[PDB]
$ cat input.cif   # mmCIF, C-alpha atoms and all ligand atoms
data_data
loop_
_atom_site.label_atom_id
_atom_site.label_comp_id
_atom_site.auth_asym_id
_atom_site.auth_seq_id
_atom_site.Cartn_x
_atom_site.Cartn_y
_atom_site.Cartn_z
CA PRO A 3 0.00 0.00 0.00
CA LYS A 4 0.82 3.77 -0.42
CA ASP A 5 0.67 4.03 3.45
CA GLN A 6 3.69 1.64 3.86
CA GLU A 7 5.56 3.09 0.78
CA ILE A 8 5.35 6.70 2.19
CA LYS A 9 6.18 5.52 5.78
CA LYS A 10 9.31 3.68 4.41
CA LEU A 11 10.39 6.78 2.34
CA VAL A 12 10.02 9.17 5.37
CA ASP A 13 11.73 6.55 7.68
CA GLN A 14 14.75 6.47 5.24
CA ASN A 15 15.05 10.28 4.68
CA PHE A 16 13.67 12.07 7.85
CA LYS A 17 14.05 9.56 10.79
CA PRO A 18 17.91 9.50 10.54
CA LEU A 19 17.95 13.33 11.21
CA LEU A 20 16.71 12.63 14.84
CA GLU A 21 19.91 10.71 15.87
CA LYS A 22 22.13 13.02 13.71
CA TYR A 23 21.01 16.40 15.24
CA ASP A 24 19.71 14.96 18.59
CA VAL A 25 16.05 16.02 17.83
CA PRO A 26 13.68 14.97 20.67
CA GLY A 27 10.54 14.94 18.42
CA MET A 28 9.42 15.22 14.74
CA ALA A 29 6.10 15.17 12.78
CA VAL A 30 6.24 14.56 8.96
CA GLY A 31 3.05 14.73 6.83
CA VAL A 32 2.50 13.96 3.10
CA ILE A 33 -0.69 14.78 1.13
CA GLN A 34 -1.06 13.07 -2.30
CA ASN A 35 -4.35 13.08 -4.34
CA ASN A 36 -6.28 14.37 -1.23
CA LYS A 37 -4.96 11.43 0.94
CA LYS A 38 -3.12 12.48 4.18
CA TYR A 39 -0.18 10.41 5.62
CA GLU A 40 1.03 11.33 9.19
CA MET A 41 4.35 10.02 10.68
CA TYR A 42 5.26 10.88 14.35
CA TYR A 43 8.72 10.26 15.98
CA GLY A 44 10.08 10.77 19.52
CA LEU A 45 8.98 13.14 22.33
CA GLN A 46 6.88 16.37 22.42
CA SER A 47 8.26 16.90 26.01
CA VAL A 48 11.44 15.19 27.41
CA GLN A 49 10.65 15.95 31.14
CA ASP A 50 6.89 15.00 30.78
CA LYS A 51 7.80 11.83 28.71
CA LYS A 52 5.05 12.75 26.15
CA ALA A 53 5.27 11.11 22.66
CA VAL A 54 4.73 13.34 19.56
CA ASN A 55 1.17 12.59 18.26
CA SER A 56 -1.60 14.18 16.08
CA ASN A 57 -2.47 16.62 18.96
CA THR A 58 1.17 17.89 19.41
CA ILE A 59 1.30 21.71 18.83
CA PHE A 60 4.60 23.04 17.27
CA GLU A 61 5.91 26.64 16.73
CA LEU A 62 5.87 27.33 12.93
CA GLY A 63 8.27 30.32 13.21
CA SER A 64 8.51 32.20 9.85
CA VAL A 65 5.92 29.78 8.28
CA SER A 66 3.56 32.07 10.35
CA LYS A 67 4.01 34.64 7.50
CA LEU A 68 1.91 32.32 5.19
CA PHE A 69 -1.14 32.93 7.51
CA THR A 70 -0.36 36.73 7.62
CA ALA A 71 -0.26 36.63 3.75
CA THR A 72 -3.56 34.61 3.60
CA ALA A 73 -5.14 37.18 6.04
CA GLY A 74 -3.95 40.03 3.73
CA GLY A 75 -5.37 38.22 0.63
CA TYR A 76 -8.72 37.74 2.49
CA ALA A 77 -8.98 41.45 3.58
CA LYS A 78 -7.96 42.70 0.06
CA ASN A 79 -10.55 40.49 -1.82
CA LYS A 80 -13.31 41.64 0.67
CA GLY A 81 -12.32 45.30 -0.11
CA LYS A 82 -11.14 46.02 3.52
CA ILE A 83 -7.68 47.07 2.13
CA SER A 84 -5.92 47.77 -1.20
CA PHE A 85 -2.21 46.78 -1.74
CA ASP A 86 -1.71 50.39 -3.08
CA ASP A 87 -2.80 51.83 0.35
CA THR A 88 -0.23 52.98 3.00
CA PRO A 89 -0.17 52.18 6.77
CA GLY A 90 -1.37 55.73 7.74
CA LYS A 91 -4.86 55.05 6.24
CA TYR A 92 -5.55 52.38 8.98
CA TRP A 93 -2.98 53.28 11.73
CA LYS A 94 -3.93 57.02 11.97
CA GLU A 95 -0.90 57.80 14.27
CA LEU A 96 1.45 57.09 11.24
CA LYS A 97 -0.37 59.61 8.91
CA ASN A 98 2.04 62.30 7.50
CA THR A 99 5.19 60.25 8.52
CA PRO A 100 7.90 58.98 6.09
CA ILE A 101 6.82 55.24 6.47
CA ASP A 102 3.34 56.37 5.17
CA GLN A 103 4.89 56.56 1.61
CA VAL A 104 5.48 52.72 1.65
CA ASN A 105 2.48 50.69 0.28
CA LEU A 106 1.07 47.48 1.93
CA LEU A 107 2.42 45.11 -0.85
CA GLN A 108 5.96 46.59 -0.35
CA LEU A 109 5.74 45.94 3.46
CA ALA A 110 4.36 42.38 2.81
CA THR A 111 7.22 41.53 0.31
CA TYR A 112 10.10 43.19 2.27
CA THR A 113 10.94 46.12 -0.19
CA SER A 114 10.53 49.14 2.24
CA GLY A 115 14.26 49.96 1.65
CA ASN A 116 15.16 50.48 5.37
CA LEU A 117 13.72 47.57 7.49
CA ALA A 118 16.25 44.98 8.85
CA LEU A 119 15.67 41.25 9.74
CA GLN A 120 14.66 42.15 13.37
CA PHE A 121 13.49 45.24 15.35
CA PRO A 122 16.25 46.82 17.49
CA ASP A 123 16.65 45.03 20.91
CA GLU A 124 15.28 48.20 22.70
CA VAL A 125 11.89 48.03 20.79
CA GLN A 126 9.47 45.94 22.98
CA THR A 127 6.30 47.84 24.17
CA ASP A 128 3.38 48.84 21.84
CA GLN A 129 4.45 52.54 22.32
CA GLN A 130 8.14 51.80 21.42
CA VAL A 131 6.91 50.07 18.17
CA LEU A 132 4.73 53.14 17.25
CA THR A 133 7.75 55.47 17.99
CA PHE A 134 10.08 53.27 15.81
CA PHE A 135 7.74 53.64 12.74
CA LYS A 136 7.02 57.40 13.41
CA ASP A 137 10.86 57.98 13.64
CA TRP A 138 11.38 55.77 10.48
CA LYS A 139 13.12 57.49 7.49
CA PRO A 140 13.77 55.97 4.00
CA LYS A 141 17.22 54.67 2.84
CA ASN A 142 17.21 52.50 -0.38
CA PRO A 143 14.58 53.56 -3.00
CA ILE A 144 11.09 52.32 -1.86
CA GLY A 145 10.19 49.10 -3.77
CA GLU A 146 13.61 48.30 -5.41
CA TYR A 147 15.46 46.17 -2.76
CA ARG A 148 14.20 42.97 -0.97
CA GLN A 149 15.53 42.55 2.61
CA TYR A 150 13.77 39.69 4.54
CA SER A 151 12.22 41.53 7.55
CA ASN A 152 9.98 40.50 10.53
CA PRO A 153 9.11 44.21 11.24
CA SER A 154 8.06 44.74 7.55
CA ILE A 155 5.42 41.89 7.44
CA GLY A 156 4.73 42.66 11.16
CA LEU A 157 3.43 46.19 10.25
CA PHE A 158 1.50 44.69 7.24
CA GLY A 159 -0.22 42.27 9.70
CA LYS A 160 -1.11 45.07 12.21
CA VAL A 161 -2.58 47.18 9.30
CA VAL A 162 -4.63 44.15 7.98
CA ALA A 163 -5.93 43.69 11.60
CA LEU A 164 -6.98 47.39 11.95
CA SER A 165 -8.71 47.15 8.48
CA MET A 166 -10.97 44.32 9.86
CA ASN A 167 -11.50 46.10 13.28
CA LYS A 168 -9.95 43.18 15.31
CA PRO A 169 -6.60 42.43 16.99
CA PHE A 170 -4.33 40.24 14.72
CA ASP A 171 -4.69 37.16 17.04
CA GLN A 172 -8.52 37.40 16.50
CA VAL A 173 -8.16 37.80 12.66
CA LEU A 174 -6.42 34.36 12.52
CA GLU A 175 -8.27 32.50 15.38
CA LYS A 176 -11.86 33.76 14.52
CA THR A 177 -11.75 34.32 10.66
CA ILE A 178 -8.78 32.73 8.75
CA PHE A 179 -8.14 29.46 10.74
CA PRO A 180 -11.89 28.47 10.82
CA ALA A 181 -12.26 29.43 7.07
CA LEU A 182 -9.32 27.00 6.30
CA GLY A 183 -10.87 24.28 8.59
CA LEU A 184 -7.99 24.49 11.16
CA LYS A 185 -9.12 23.28 14.65
CA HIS A 186 -5.81 23.33 16.68
CA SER A 187 -3.93 26.35 15.17
CA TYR A 188 -3.22 29.26 17.60
CA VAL A 189 -1.49 32.66 17.96
CA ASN A 190 -2.07 32.12 21.75
CA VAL A 191 -2.26 28.45 22.98
CA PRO A 192 -5.20 28.27 25.46
CA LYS A 193 -4.80 26.74 29.01
CA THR A 194 -6.80 23.61 27.86
CA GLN A 195 -4.20 22.84 25.07
CA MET A 196 -0.92 23.55 27.03
CA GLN A 197 -0.52 19.75 27.71
CA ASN A 198 -0.38 19.34 23.85
CA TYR A 199 2.12 22.26 23.37
CA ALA A 200 5.61 20.79 22.64
CA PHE A 201 8.72 22.28 24.30
CA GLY A 202 11.31 23.53 21.81
CA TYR A 203 14.94 22.41 22.47
CA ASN A 204 18.04 24.63 21.85
CA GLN A 205 21.49 23.43 20.62
CA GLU A 206 22.31 22.35 24.28
CA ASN A 207 18.93 20.42 24.38
CA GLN A 208 17.46 22.79 27.07
CA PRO A 209 13.67 23.39 26.80
CA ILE A 210 12.64 26.82 25.37
CA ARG A 211 9.43 28.48 24.08
CA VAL A 212 9.04 31.61 21.89
CA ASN A 213 8.97 34.83 24.05
CA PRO A 214 6.47 37.68 23.50
CA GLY A 215 8.02 40.18 21.00
CA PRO A 216 7.05 43.39 19.13
CA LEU A 217 4.55 42.43 16.31
CA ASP A 218 5.63 38.76 16.86
CA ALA A 219 2.33 37.04 15.80
CA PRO A 220 2.36 38.05 12.08
CA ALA A 221 6.14 37.33 11.63
CA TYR A 222 6.81 34.09 13.63
CA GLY A 223 4.08 33.73 16.33
CA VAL A 224 1.70 30.96 15.02
CA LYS A 225 1.52 27.38 16.47
CA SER A 226 -0.22 24.38 14.80
CA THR A 227 -0.51 20.53 14.69
CA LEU A 228 0.53 18.24 11.76
CA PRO A 229 -3.14 17.51 10.81
CA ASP A 230 -3.91 21.30 10.68
CA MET A 231 -0.79 22.03 8.50
CA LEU A 232 -1.81 19.09 6.19
CA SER A 233 -5.30 20.76 5.91
CA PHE A 234 -3.53 24.12 5.10
CA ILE A 235 -1.48 22.41 2.30
CA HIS A 236 -4.73 20.72 1.01
CA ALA A 237 -6.34 24.24 0.85
CA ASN A 238 -3.27 25.60 -1.09
CA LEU A 239 -3.45 22.54 -3.48
CA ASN A 240 -7.29 22.77 -3.98
CA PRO A 241 -8.40 26.42 -3.40
CA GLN A 242 -11.38 25.82 -5.83
CA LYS A 243 -12.95 23.46 -3.16
CA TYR A 244 -13.32 26.35 -0.61
CA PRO A 245 -15.75 29.30 -0.19
CA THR A 246 -15.10 32.35 -2.48
CA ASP A 247 -13.63 34.61 0.32
CA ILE A 248 -10.83 32.17 1.43
CA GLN A 249 -10.36 30.71 -2.14
CA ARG A 250 -9.54 34.24 -3.47
CA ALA A 251 -7.31 34.79 -0.35
CA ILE A 252 -5.28 31.55 -1.10
CA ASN A 253 -4.90 32.31 -4.88
CA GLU A 254 -3.68 35.87 -3.91
CA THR A 255 -0.75 34.24 -1.93
CA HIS A 256 0.27 32.15 -5.05
CA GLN A 257 0.86 35.19 -7.40
CA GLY A 258 4.58 36.07 -7.87
CA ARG A 259 5.11 39.85 -7.31
CA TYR A 260 8.84 40.13 -8.33
CA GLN A 261 11.90 37.84 -8.88
CA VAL A 262 15.46 37.41 -7.42
CA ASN A 263 17.51 34.93 -9.60
CA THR A 264 15.64 31.53 -9.76
CA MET A 265 13.18 32.58 -6.94
CA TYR A 266 9.79 34.40 -7.39
CA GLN A 267 8.57 36.21 -4.19
CA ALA A 268 4.79 35.61 -3.69
CA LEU A 269 2.73 36.78 -0.64
CA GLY A 270 4.48 34.72 2.12
CA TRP A 271 5.27 31.75 -0.23
CA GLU A 272 8.56 31.39 -2.17
CA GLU A 273 7.73 30.40 -5.81
CA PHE A 274 9.88 28.35 -8.28
CA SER A 275 9.56 26.99 -11.86
CA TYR A 276 8.64 23.23 -11.66
CA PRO A 277 10.39 20.94 -12.15
CA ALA A 278 12.94 22.60 -9.76
CA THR A 279 16.51 21.25 -9.24
CA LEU A 280 17.56 20.55 -5.58
CA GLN A 281 20.18 23.38 -5.90
CA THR A 282 17.51 25.95 -6.99
CA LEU A 283 15.59 25.14 -3.72
CA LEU A 284 18.83 25.29 -1.58
CA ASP A 285 19.77 28.66 -3.26
CA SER A 286 16.53 30.23 -1.79
CA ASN A 287 18.06 29.56 1.73
CA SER A 288 21.61 30.88 0.82
CA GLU A 289 23.07 33.57 3.17
CA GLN A 290 23.04 36.00 0.14
CA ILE A 291 19.21 35.70 -0.38
CA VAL A 292 18.19 35.46 3.36
CA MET A 293 20.66 37.78 5.24
CA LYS A 294 21.53 40.59 2.71
CA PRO A 295 19.55 43.07 0.55
CA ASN A 296 19.02 42.13 -3.16
CA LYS A 297 17.81 44.24 -6.18
CA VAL A 298 14.36 42.92 -7.33
CA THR A 299 13.64 42.51 -11.11
CA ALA A 300 10.22 42.70 -12.87
CA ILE A 301 8.40 39.42 -13.77
CA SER A 302 9.15 38.93 -17.54
CA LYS A 303 7.54 35.44 -18.09
CA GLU A 304 5.34 34.00 -15.24
CA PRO A 305 6.30 30.25 -15.11
CA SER A 306 3.45 28.03 -16.49
CA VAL A 307 4.03 25.26 -13.85
CA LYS A 308 4.92 26.57 -10.33
CA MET A 309 6.03 24.95 -7.00
CA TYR A 310 6.08 26.66 -3.51
CA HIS A 311 7.99 26.22 -0.18
CA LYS A 312 8.70 28.05 3.14
CA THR A 313 11.21 27.32 5.95
CA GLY A 314 10.68 28.58 9.52
CA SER A 315 12.56 28.44 12.85
CA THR A 316 12.25 29.72 16.42
CA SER A 317 15.06 29.15 19.01
CA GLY A 318 13.56 25.67 19.68
CA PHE A 319 11.61 24.59 16.53
CA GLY A 320 12.13 23.90 12.79
CA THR A 321 9.39 23.99 10.07
CA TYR A 322 9.32 23.19 6.31
CA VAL A 323 6.20 23.19 4.04
CA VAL A 324 6.31 22.49 0.24
CA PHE A 325 3.54 21.78 -2.34
CA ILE A 326 3.50 21.11 -6.13
CA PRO A 327 0.05 21.91 -7.65
CA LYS A 328 0.57 19.90 -10.94
CA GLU A 329 1.49 16.67 -8.99
CA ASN A 330 -1.34 17.28 -6.38
CA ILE A 331 1.33 16.56 -3.66
CA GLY A 332 2.73 18.41 -0.58
CA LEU A 333 4.86 17.82 2.57
CA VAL A 334 5.08 19.28 6.14
CA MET A 335 8.04 18.74 8.55
CA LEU A 336 7.75 19.92 12.21
CA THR A 337 10.67 19.46 14.72
CA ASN A 338 11.02 20.68 18.37
CA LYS A 339 14.72 21.33 17.62
CA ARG A 340 16.22 23.57 14.86
CA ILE A 341 17.97 21.45 12.15
CA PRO A 342 19.75 23.02 9.12
CA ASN A 343 17.35 24.29 6.36
CA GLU A 344 19.40 22.41 3.65
CA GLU A 345 18.66 19.05 5.45
CA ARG A 346 14.86 19.77 5.49
CA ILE A 347 14.78 20.74 1.74
CA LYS A 348 16.97 17.71 0.68
CA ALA A 349 14.90 15.15 2.72
CA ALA A 350 11.60 16.60 1.29
CA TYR A 351 13.08 16.57 -2.29
CA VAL A 352 14.00 12.81 -2.14
CA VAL A 353 10.57 11.80 -0.61
CA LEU A 354 8.41 13.86 -3.09
CA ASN A 355 10.45 12.74 -6.20
CA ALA A 356 10.38 9.02 -5.08
CA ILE A 357 6.56 8.87 -4.34
CA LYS A 358 4.68 6.98 -7.15
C1 LIG A 401 11.76 32.77 10.59
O1 LIG A 401 11.82 31.61 10.84
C2 LIG A 401 12.92 33.71 10.92
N1 LIG A 401 13.47 33.40 12.23
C3 LIG A 401 13.35 34.17 13.31
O2 LIG A 401 12.85 35.30 13.29
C4 LIG A 401 13.88 33.61 14.62
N2 LIG A 401 15.03 33.02 14.69
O3 LIG A 401 15.86 33.38 13.60
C5 LIG A 401 17.23 33.02 13.90
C6 LIG A 401 18.07 33.56 12.74
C7 LIG A 401 17.30 31.49 13.94
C8 LIG A 401 17.69 33.68 15.23
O4 LIG A 401 18.56 33.08 15.90
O5 LIG A 401 17.17 34.77 15.55
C9 LIG A 401 13.10 33.62 15.83
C10 LIG A 401 11.83 34.08 15.92
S1 LIG A 401 11.36 34.09 17.56
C11 LIG A 401 12.82 33.27 18.01
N3 LIG A 401 13.03 32.84 19.27
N4 LIG A 401 13.66 33.12 17.01
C12 LIG A 401 13.98 33.61 9.86
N5 LIG A 401 14.63 32.29 9.93
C13 LIG A 401 15.91 32.07 9.70
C14 LIG A 401 16.35 30.62 9.93
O6 LIG A 401 16.42 29.93 8.95
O7 LIG A 401 16.58 30.30 11.08
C15 LIG A 401 16.81 33.02 9.26
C16 LIG A 401 17.94 32.64 8.69
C17 LIG A 401 16.65 34.51 9.42
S2 LIG A 401 15.09 35.00 10.17
#
$ encode --input "input.cif" --output "structure tokens"
Amino acid sequence: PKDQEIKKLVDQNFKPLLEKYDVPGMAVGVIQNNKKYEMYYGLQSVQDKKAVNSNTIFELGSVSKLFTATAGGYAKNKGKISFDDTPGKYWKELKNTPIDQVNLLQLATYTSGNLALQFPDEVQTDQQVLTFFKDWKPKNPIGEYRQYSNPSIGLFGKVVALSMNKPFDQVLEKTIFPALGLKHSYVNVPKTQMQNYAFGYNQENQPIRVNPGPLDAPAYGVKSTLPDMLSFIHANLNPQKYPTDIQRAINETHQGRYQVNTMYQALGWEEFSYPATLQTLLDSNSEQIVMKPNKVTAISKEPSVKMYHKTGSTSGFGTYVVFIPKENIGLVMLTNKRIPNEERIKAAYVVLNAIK
């Protein structure tokens, strides 16, 4: 059976990474032709002696940005925002400031020109975040240079929230997650689910969870189970099978906005021409693309067959999601220890290419 063939493939390619990087726990999911396969290894909690299972909640880290993107696509297609609007229109305390000449799409796709990977260490309180954006001044020409930025998509998320007259946590938990059919996906894990919330483990194998941070939720703050992430990949593979509002939201996240070498930047998702070589997928995670600013080029020819992926990490967790529309296949990897991005991409590449 397919069940045993997939289990064997994941056992050969993913299971060895547990001994190699000393990973307490892992969840790997495959969806093929609307059939879900769930593999669980090791411990959700070392001290509590809890096995990883279908209820285990993991930190998605930067894979959170896919839900922020989906929320933006939902708001835009319900006419709550336009991608040509500026933050001042919704956050009135930023009206007539320099950041108010950056549009929402530029914030969402990291092209503000002067927003780094992280906020400064001193930015913490709601007031210090508002001050940081009021005191913001341009550097590189607005819209020309991609620099991967938590603050950038953070502000986009806050604006999307204001546009729908809810806090961001409520936008996901009350609108987007239910619309996608996600039952155990959280910005804030409730008291009744804390026994299902995995500990992350650092490079010394000490337990750690993600700390509150300035505009954390939209950038890296979402937690989910393997079954919920498999449902999210199913939605991305079959957006036609969902209500108009969320279908339009999903399709909005799949549209390439600009290009950097072999990579097309969509809303949240990273987009590639399919078939993609292993090295094209590894290049997306290169220090050059991730750490440093890069000149963006216009889309000349939109690739006819596309493929999408996203890596994510916190101090304690690793995440990788990938889906190929034309093959009706996708994969999710969740670990409660950071492993190198290259090892996640390579393992996923072998499994997806080998599946019949
Ligand atoms: C999304 O996953 C981003 N990661 C983060 O913002 C966090 N960690 O990033 C690293 C670079 C690992 C760090 O040590 O700060 C993060 C969020 S909350 C928390 N406790 N850590 C991007 N991910 C990576 C990555 O692959 O790890 C990056 C290279 C740059 S930011």
$ closest_residue --input "input.cif" --among "A:292, A:278, A:333, A:231" --to "ligand LIG 401 (chain A)" --atoms "all atoms listed in the file"
A:292
$ atom_distance --input "input.cif" --atom1 "CA of residue 267 (chain A)" --atom2 "CA of residue 217 (chain A)"
21.8 Å
$ atom_distance --input "input.cif" --atom1 "CA of residue 256 (chain A)" --atom2 "CA of residue 5 (chain A)"
29.4 Å
$ closest_residue --input "input.cif" --among "A:111, A:213, A:253, A:35" --to "ligand LIG 401 (chain A)" --atoms "only C-alpha atoms and all ligand atoms"
A:213
$ closest_residue --input "input.cif" --among "A:58, A:84, A:208, A:263" --to "residue 191 (chain A)" --atoms "all atoms listed in the file"
A:58
$ residues_near_ligand --input "input.cif" --ligand "ligand LIG 401 (chain A)" --cutoff "8 Å" --atoms "all atoms listed in the file" --output "number ranges by chain"
A: 62-65, 119-120, 150-152, 211-213, 215, 218, 221-223, 287, 289, 292-293, 313-318, 320, 340, 342-343
$ closest_residue --input "input.cif" --among "A:252, A:189, A:335, A:48" --to "residue 350 (chain A)" --atoms "all atoms listed in the file"
A:335
$ residues_around --input "input.cif" --residues "region 155-171 of chain A" --least-positions-apart "2" --cutoff "8 Å" --atoms "all atoms listed in the file" --output "PyMOL selection string"
chain A and resi 67+70+73-74+77+82-83+89+92-93+106+109-112+151-153+173-175+189-190+217-221
$ atom_distance --input "input.cif" --atom1 "CA of residue 102 (chain A)" --atom2 "CA of residue 72 (chain A)"
22.9 Å
$ residues_near_point --input "input.cif" --point "(3.6, 30.1, -12.0)" --cutoff "8 Å" --atoms "only C-alpha atoms" --output "PyMOL selection string"
chain A and resi 256-258+273-275+304-309
$ closest_residue --input "input.cif" --among "A:203, A:132, A:60, A:331" --to "residue 94 (chain A)" --atoms "only C-alpha atoms"
A:132
$ residues_around --input "input.cif" --residues "residue 260 (chain A)" --least-positions-apart "2" --cutoff "9 Å" --atoms "all atoms listed in the file" --output "list in words"
residues 111, 258, 262, 265, 266, 267, 268, 298, 299, 300 and 301 of chain A
$ residues_around --input "input.cif" --residues "residue 290 (chain A)" --least-positions-apart "5" --cutoff "12 Å" --atoms "only C-alpha atoms" --output "number ranges by chain"
A: 148-150, 262-263, 284-285, 295-297
$ build_atoms --input "input.cif" --residues "region 43-62 of chain A" --atoms "N, CA, C and O atoms" --output "compact mmCIF listing (two decimals), keeping the file's coordinate frame"
# COMPACT_ATOMS: atom_id res chain seq x y z
N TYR A 43 7.49 10.82 15.35
CA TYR A 43 8.72 10.26 15.98
C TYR A 43 9.01 10.99 17.29
O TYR A 43 8.88 12.22 17.33
N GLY A 44 9.42 10.24 18.31
CA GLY A 44 10.08 10.77 19.52
C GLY A 44 9.12 11.52 20.44
O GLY A 44 7.93 11.19 20.45
N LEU A 45 9.64 12.51 21.16
CA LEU A 45 8.98 13.14 22.33
C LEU A 45 8.65 14.62 22.05
O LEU A 45 9.51 15.36 21.54
N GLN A 46 7.41 14.99 22.39
CA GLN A 46 6.88 16.37 22.42
C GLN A 46 7.50 17.09 23.63
O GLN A 46 7.80 18.29 23.51
N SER A 47 7.66 16.38 24.75
CA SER A 47 8.26 16.90 26.01
C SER A 47 9.16 15.82 26.62
O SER A 47 8.67 14.72 26.88
N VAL A 48 10.44 16.13 26.80
CA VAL A 48 11.44 15.19 27.41
C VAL A 48 11.05 14.98 28.88
O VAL A 48 10.85 13.81 29.26
N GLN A 49 10.89 16.05 29.67
CA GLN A 49 10.65 15.95 31.14
C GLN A 49 9.29 15.28 31.40
O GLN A 49 9.20 14.51 32.37
N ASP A 50 8.27 15.54 30.58
CA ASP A 50 6.89 15.00 30.78
C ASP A 50 6.75 13.61 30.14
O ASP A 50 5.70 12.99 30.34
N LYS A 51 7.75 13.15 29.40
CA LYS A 51 7.80 11.83 28.71
C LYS A 51 6.59 11.67 27.78
O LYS A 51 6.02 10.56 27.72
N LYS A 52 6.22 12.73 27.07
CA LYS A 52 5.05 12.75 26.15
C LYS A 52 5.53 12.48 24.72
O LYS A 52 6.38 13.24 24.24
N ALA A 53 5.00 11.44 24.08
CA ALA A 53 5.27 11.11 22.66
C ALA A 53 4.62 12.16 21.75
O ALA A 53 3.50 12.60 22.06
N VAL A 54 5.30 12.52 20.67
CA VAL A 54 4.73 13.34 19.56
C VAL A 54 3.56 12.55 18.98
O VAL A 54 3.73 11.35 18.70
N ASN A 55 2.41 13.20 18.81
CA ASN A 55 1.17 12.59 18.26
C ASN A 55 0.40 13.67 17.50
O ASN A 55 0.89 14.81 17.44
N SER A 56 -0.78 13.32 16.97
CA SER A 56 -1.60 14.18 16.08
C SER A 56 -2.10 15.43 16.81
O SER A 56 -2.56 16.35 16.13
N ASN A 57 -2.02 15.46 18.15
CA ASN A 57 -2.47 16.62 18.96
C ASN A 57 -1.28 17.53 19.30
O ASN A 57 -1.55 18.63 19.83
N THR A 58 -0.04 17.11 19.05
CA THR A 58 1.17 17.89 19.41
C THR A 58 1.15 19.22 18.65
O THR A 58 1.07 19.21 17.42
N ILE A 59 1.24 20.33 19.39
CA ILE A 59 1.30 21.71 18.83
C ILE A 59 2.77 22.14 18.74
O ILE A 59 3.44 22.10 19.78
N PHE A 60 3.23 22.54 17.55
CA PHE A 60 4.60 23.04 17.27
C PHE A 60 4.56 24.53 16.93
O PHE A 60 3.54 25.00 16.42
N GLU A 61 5.66 25.25 17.22
CA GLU A 61 5.91 26.64 16.73
C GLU A 61 6.34 26.58 15.26
O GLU A 61 7.28 25.83 14.94
N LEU A 62 5.64 27.32 14.39
CA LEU A 62 5.87 27.33 12.93
C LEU A 62 7.00 28.30 12.58
O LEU A 62 7.57 28.18 11.49
